[PDB]
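Here the structure comes first, spelled out in C-alpha cells, and everything after it is commentary.
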Amino acid sequence: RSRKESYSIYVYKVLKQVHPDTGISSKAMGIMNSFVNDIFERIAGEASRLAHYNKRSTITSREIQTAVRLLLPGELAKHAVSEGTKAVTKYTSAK
Amino acid sequence: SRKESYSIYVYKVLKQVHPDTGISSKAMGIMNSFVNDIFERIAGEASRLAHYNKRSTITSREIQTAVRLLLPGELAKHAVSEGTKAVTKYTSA
Amino acid sequence: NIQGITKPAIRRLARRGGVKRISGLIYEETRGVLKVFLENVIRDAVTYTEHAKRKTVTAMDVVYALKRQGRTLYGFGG
Amino acid sequence: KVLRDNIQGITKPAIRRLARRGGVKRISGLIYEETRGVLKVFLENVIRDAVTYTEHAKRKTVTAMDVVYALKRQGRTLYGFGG
Amino acid sequence: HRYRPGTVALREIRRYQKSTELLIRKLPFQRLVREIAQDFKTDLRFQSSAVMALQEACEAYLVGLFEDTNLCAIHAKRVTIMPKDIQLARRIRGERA
Amino acid sequence: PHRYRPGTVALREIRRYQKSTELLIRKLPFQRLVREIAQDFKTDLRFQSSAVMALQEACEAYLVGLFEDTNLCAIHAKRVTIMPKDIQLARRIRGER
Amino acid sequence: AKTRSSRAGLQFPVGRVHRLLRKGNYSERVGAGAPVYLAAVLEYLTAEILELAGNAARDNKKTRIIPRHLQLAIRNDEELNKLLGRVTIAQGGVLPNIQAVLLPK
Amino acid sequence: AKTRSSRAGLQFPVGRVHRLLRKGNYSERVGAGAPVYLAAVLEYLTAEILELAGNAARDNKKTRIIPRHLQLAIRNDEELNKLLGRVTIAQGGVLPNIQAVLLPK
DNA sequence: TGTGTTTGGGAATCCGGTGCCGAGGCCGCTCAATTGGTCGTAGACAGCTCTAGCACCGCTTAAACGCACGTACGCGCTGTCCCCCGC
DNA sequence: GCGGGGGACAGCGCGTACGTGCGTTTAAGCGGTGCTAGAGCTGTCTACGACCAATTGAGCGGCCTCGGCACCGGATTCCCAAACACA
C-alpha cells in the first residue's frame with residue numbers, strides 16, 4: 028500500500044465554508060485537486076524564477092506575492108494579495 | 029564583473045563549418061540567446077523527467093529523452109546520433 | 025484504421041463547435057488533422073514510457089505529453 | 020512633464036509601412052485606429068509585467084532584461100537583447 | 039412530415055453543446071491509438087484511463103478547431119465550412135506551416 | 038504627365054519593406070507612448086534605452102505577424118483590402134483577448 | 014500544540030505546502046512566511062472557484078458539484094477564464110454558444 | 014590535464030555545462046554523461062544554424078552573417094522553423110512573400 | 001399577389017416514483033507535522049562610486065498632412081446549378 | 001440512397017473610398033551640454049532558516065449508511081411548418 032497525497036479534505040472544508048449545504052462529486056474533487064496542484068506549480072515555478080533572477084537563494088513571501096501578481100489577472104491578483112498578506116499578518120502577529 | 033557567453037565556441041563551430049565567413053556582434057548576441065534558450069529547455073525537461081520518475085540524478089539518458097521530446101524528427105535523430113557518439117568516445121578514453 | 029472516425033462522429037464534433045452546415049470534403053481533412061494530432065501526442069507519451077523502463081502507457085504519461093504542447097488536462101491524476 | 024495622448028504618434032504612414040511588411044496591398048481607413056488599439060493593449064500587457072519585475076528588484080529603472088523576461092513569460096521570446 | 043433544412047442542424051448544435059459525454063466511439067479510437075503507437079514502439083499496453091485521457095484531449099482539440107473553422111466560414115460570408123476554412127484556422131493558430 | 042495605376046506602388050512598397058529590416062515606427066513617438074503607458078503603473082520610472090528598443094522590436098514583430106494573419110483572413114474572404122473585422126477575427130482565432 | 018494552518022487562520026495545510034516547496038527543488042531555502050502566503054493564495058482561489066461552481070450547480074437544481082459546473086464557472090468568469098485558458102477539463106463540455114448569423118430570420 | 018570537451022571531441026565546454034546544471038537546481042545529482050550529451054546536442058544545433066546562415070549570407074554576396082541571414086536560415090528550414098517558431102529575432106525582418114492573389118493578372 | 005395568424009404535431013421539458021451506489025461520517029492506526037534547541041550564513045542595511053537616464057537647445061530635412069483627382073474594388077443584386085441536409 | 005432546396009459561386013453594375021502625386025508644414029533625428037538619480041558593488045552583523053531528536057494528533061485507509069442523482073414513464077409545453085384567411 029503506497030502513500031497518496033491529495034487536497035480532498037481541505038477542498039471539502041473550503042466548500043463547507045462557502046456553500047454549507049452543497050457537496051462535491053469525486054470527479055469534481057479530482058479536477059479541483061488537479062487545479063490546485065497546477066496553480067501551486069505555476070506559482071512556485073514563477074517564484075523560483077524570481078528568486079533565481081535576482082541571484083537570490085531563498086523563496087520569501089515577497090517572491091510569492093510578486094509571482095501572484097505576475098500570474099493572476101488584475102482584480103484576482105489584488106484580492107489574492109489582500110488575502111495572503113492578511114494571512115501572513117495574522118500568522119506573525121500571533122505566536 | 030565577469031560575464032558569461034558562448035561567443036568563442038560559436039565562432040569556433042562556425043569556422044569549422046564555413047572557414048571563410050565572419051559574424052556580426054548582433055548575430056553573436058542572437059546565437060548566444062538561442063544556445064541559452066535551448067539549454068534551459070533541455071535541462072528543464074530533463075529535470076522534469078527525473079522528478080516525475082522519482083529519480084534523483086540527471087544522466088545522459090535523461091538528456092537523450094529530453095532531446096527526443098524537444099527536437100523535431102530528423103533533427104532529433106541526428107542530435108541523438110551525435111550525443112551517443114560523444115558519450116561513447118568520452119567513455120572509451 | 026483512421027476510418028473508425030466515422031462521418032457522424034465528425035458531424036457531432038462539429039455540432040459541438042457550433043457548425044450549422046458541413047461540406048463533404050471536411051471529413052477527410054478532419055481525419056488527417058486528428059491523426060496528426062494523435063501522432064504528436066502518442067509519440068511523446070511513448071517516449072515517456074520508454075524512458076521509464078515501462079512497457080505500459082499510463083494516463084499520467086498522456087497527461088505530461090499533453091502538458092508538453094500546452095494542452096493541460098485536468099482530471100486524470102495530474 | 021506629464022505625458023498625454025501619445026498614441027497619435029503612431030501615424031497612418033507608419034501603420035501602412037507595418038502592413039506592407041506584412042504583405043498587405045490595400046488598407047481600409049478604419050484599420051489605423053484598430054491597430055492603435057491592438058498595439059496599446061499589447062504594450063499594457065508587456066509593460067505591466069516589466070514594471071512588476073522592476074518593482075520586485077527594488078529598482079526604479081526598467082531594464083531591457085525585464086522586458087525580455089516579461090516577453091518570454093508571455094511565450095513571445097525575443098533574441099538579441101541579452102539573456 | 040419534413041423539417042426545414044438546417045433546423046435539425048441547430049437542434050443538434052444545442053443538444054450537443056448542452057451535454058458533456060464523448061462524441062467518438064470508444065473502441066474505434068482505442069484501435070486507432072494502438073495502431074498509431076505500433077509505429078513508434080511495438081507491443082505496447084495501454085491502461086484504459088490512458089486511452090480515456092487521449093480521447094478527451096482529442097475531442098477537445100477537434101471542438102476548438104471546429105469553433106475556429108466556424109469563425110472563418112462566417113467571415114467569408116458563408117454558412118458551410120470548407121477545407122480551406124480548416125487550413126486557414128490551423129495556419130493562423132500556428133499548427134500548419 | 039505620368040501616373041501609375043492603383044496598386045503598382047503598393048507592390049513596390051511591399052517588396053521594399055519585406056526586403057529591408059529597419060524599424061517602421063518612429064522611435065520618439067513610440068518612446069513617449071511607452072513612457073506614458075508605464076506612468077499608469079508607477080510614477081517616476083526610468084527606462085534603459087535598450088529596454089525601449091526591445092519593446093519596439095517586439096511590438097513591430099507582433100504587429101507584422103498580426104498583419105500577415107489579417108491579410109490571410111481578408112484574402113480568405115475574397116477581398117484585397119484588410120478591414121478591422123479581419124484584425125478582430127485574427128486575434129480571436131489566435132486566442133488573444 | 015496548534016498547527017501552523019490554525020495559527021495563520023487558514024484551512025489549507027501550511028506544513029504540507031512547506032514540505033512540497035522544500036521537496037520540489039524550487040530553491041535551496043524557504044522562508045517562514047512563504048508557505049503561509051502560498052496556502053492563503055490557494056485557499057482564496059479555491060474559495061472563488063467553489064463560490065462560482067456552487068452558484069452554477071444551484072442554477073441546475075443540483076446540490077452536488079460536477080465537472081460540468083466547474084467548467085461553466087471557469088468559462089463564465091473572465092479573470093478565471095484568462096487564468097485557465099489553455100486548460101481542458103475532463104467531462105467538461107463547452108459553453109452554449111451559437112453565432113447570431115446561423116439563427117434563422 | 015586535458016579538458017572534458019577535448020576527450021569527447023567537442024567544441025562546447027563540457028565542464029561549464031556541468032557547472033550550470035549543478036548550479037541551476039535541476040536535480041540534486043548530475044550524471045557524468047549528461048553534460049557531454051548536452052554539449053554535443055548544443056554544438057550540433059549551433060553548427061546546423063551557422064551552416065544555413067552562412068549559405069544564406071553567401072547567397073547575398075555577403076561575407077558576414079547578420080540577424081537577417083539568421084532569420085532567413087531559420088524561416089526557410091522547416092524543422093528549425095518548428096523549433097524556433099515562437100521566437101522573434103531583433104532586426105530580423107520577414108521572408109519575402111506576396112500572395113499570388115495580390116499580383117496583377 | 002401578397003401579408004399575417006392559427007393548428008396538428010413532433011421534440012424538449014417537467015414531475016413523481018424508485019432504487020442504487022458513492023459521498024459523507026466514524027474508527028483505528030501511523031507517520032509526518034510540531035517543539036525546542038544549535039549553528040551557520042543569506043541577506044538587510046549602510047555607504048560609496050560613477051554611469052547612463054533625463055531635460056534642454058538648435059538646425060536640417062525627411063517625413064507627415066491636407067488636398068485634388070481618378071479608377072478599381074467592395075458590395076449589393078440576380079441567376080443557376082449542385083451538393084449537403086433531412087429522412 | 002434519394003429528393004430538393006438553399007447556399008456557393010458566377011456575372012454585372014456603380015459609386016465612393018482608397019491609391020497616387022504635389023505642395024506645405026511639422027517634428028523627428030542628430031549633435032552637443034549638463035545634471036543627478038539611481039544602479040551596482042562592498043563590508044558587517046544579525047536574525048532567520050536548516051538539521052536533529054522526541055511527541056503526538058491530524059490525516060489516511062477501511063467499513064458502513066442513506067440520500068442525491070440517474071433513470072423511466074407519463075403529462076406539459078414549446079416551437080414549426082404549413083396553411084388558409086383575407087386585403
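Residue numbers (the authors' numbering), protein chains in the order written: chain d, 28 to 122; chain h, 29 to 121; chain f, 25 to 102; chain b, 20 to 102; chain e, 39 to 135; chain a, 38 to 134; chain c, 14 to 118; chain g, 14 to 118.
Built from N, CA and C at the ideal position, the CB exists for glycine as well.
Pair within 7 angstroms by beta-carbon distance, residue i and residue j
{"i": "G98 of chain g", "j": "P80 of chain g", "result": "no"}
{"i": "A88 of chain a", "j": "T101 of chain g", "result": "no"}
{"i": "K44 of chain b", "j": "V117 of chain a", "result": "yes"}
{"i": "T87 of chain d", "j": "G28 of chain c", "result": "no"}
{"i": "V114 of chain g", "j": "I112 of chain a", "result": "yes"}
{"i": "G111 of chain h", "j": "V30 of chain g", "result": "no"}
{"i": "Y54 of chain e", "j": "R40 of chain f", "result": "yes"}
{"i": "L85 of chain c", "j": "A103 of chain c", "result": "no"}
{"i": "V81 of chain f", "j": "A89 of chain f", "result": "no"}
{"i": "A38 of chain b", "j": "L61 of chain a", "result": "no"}
{"i": "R55 of chain f", "j": "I26 of chain f", "result": "yes"}
{"i": "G102 of chain f", "j": "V87 of chain f", "result": "yes"}
{"i": "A83 of chain b", "j": "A91 of chain a", "result": "yes"}
{"i": "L83 of chain g", "j": "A66 of chain g", "result": "yes"}
DSSP state of residue i mapped onto helix, strand, coil
{"i": "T101 of chain g", "result": "strand"}
{"i": "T87 of chain h", "result": "coil"}
{"i": "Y41 of chain e", "result": "coil"}
{"i": "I79 of chain c", "result": "coil"}
{"i": "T93 of chain h", "result": "helix"}
{"i": "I119 of chain e", "result": "strand"}
{"i": "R67 of chain b", "result": "helix"}
{"i": "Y98 of chain b", "result": "strand"}
{"i": "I46 of chain b", "result": "strand"}
{"i": "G50 of chain d", "result": "strand"}
{"i": "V107 of chain g", "result": "coil"}
{"i": "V87 of chain f", "result": "helix"}
Residue i: contacting residues in chain c (beta-carbon distance under 9 angstroms)
{"i": "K40 of chain d", "result": "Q24, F25"}
Short CB-CB distance (under 7 angstroms) between residue i and chain f
{"i": "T93 of chain h", "result": "yes"}
{"i": "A103 of chain c", "result": "yes"}
Any chain d beta carbon closer than 7 angstroms to residue i
{"i": "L65 of chain c", "result": "no"}
{"i": "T73 of chain b", "result": "no"}
Beta-carbon neighbours of residue i, restricted to chain f and to distances below 8 angstroms
{"i": "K54 of chain d", "result": "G99"}
{"i": "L77 of chain h", "result": "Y72, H75"}
Within-7 angstroms CB hit, residue i to chain e
{"i": "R81 of chain c", "result": "yes"}
{"i": "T80 of chain f", "result": "yes"}
{"i": "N64 of chain f", "result": "no"}
Contact list for residue i against chain a, beta-carbon separation under 8 angstroms
{"i": "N110 of chain g", "result": "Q55"}
Partner residues on chain a for residue i, Cβ-Cβ distance less than 7 angstroms
{"i": "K77 of chain b", "result": "Ordered by position in chain a, no residue passes the 7 angstroms Cβ test against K77 of chain b, which lies about 12 angstroms from the chain."}
Closer than 7 angstroms to chain a by CB, residue i
{"i": "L126 of chain e", "result": "yes"}
Amino acids of chain b, ordered along the chain, whose beta-carbon sits closer than 7 angstroms to that of residue i
{"i": "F62 of chain h", "result": "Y98"}
Partner residues on chain h for residue i, Cβ-Cβ distance less than 7 angstroms
{"i": "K95 of chain g", "result": "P100"}
{"i": "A21 of chain g", "result": "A114, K117, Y118"}
Within chain c, partners of residue i - CB distance below 8 angstroms
{"i": "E94 of chain e", "result": "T101, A103, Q104"}
Where residue i meets chain h, residues with beta-carbon distance less than 8 angstroms
{"i": "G102 of chain b", "result": "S61, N64"}
Residue-level contact to chain h via CB, residue i, 7 angstroms cutoff
{"i": "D68 of chain f", "result": "yes"}
{"i": "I78 of chain g", "result": "yes"}
Beta-carbon neighbours of residue i, restricted to chain b and to distances below 8 angstroms
{"i": "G132 of chain a", "result": "What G132 of chain a touches in chain b: nothing, since even the nearest Cβ is about 11 angstroms away."}
CB contact below 7 angstroms: residue i versus chain c
{"i": "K31 of chain f", "result": "no"}
{"i": "residue 110 of chain f", "result": "The shown model of chain f, from 25 to 102, leaves out residue 110 of chain f, and the question about it has no answer."}
Residue-level contact to chain b via CB, residue i, 7 angstroms cutoff
{"i": "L58 of chain g", "result": "no"}
Closer than 9 angstroms at the beta carbon, the chain d residues around residue i
{"i": "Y51 of chain b", "result": "Ordered by position in chain d, no residue passes the 9 angstroms Cβ test against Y51 of chain b, which lies about 28 angstroms from the chain."}
Within chain e, partners of residue i - CB distance below 9 angstroms
{"i": "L109 of chain a", "result": "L126, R129, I130"}
Neighbouring residues, chain f, relative to residue i (Cβ below 7 angstroms)
{"i": "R96 of chain h", "result": "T71"}
_Contiguous alpha helix (DSSP H) assignments of at least 4 residues, all confined to the stretch 44-77 of chain g_ = 46-72
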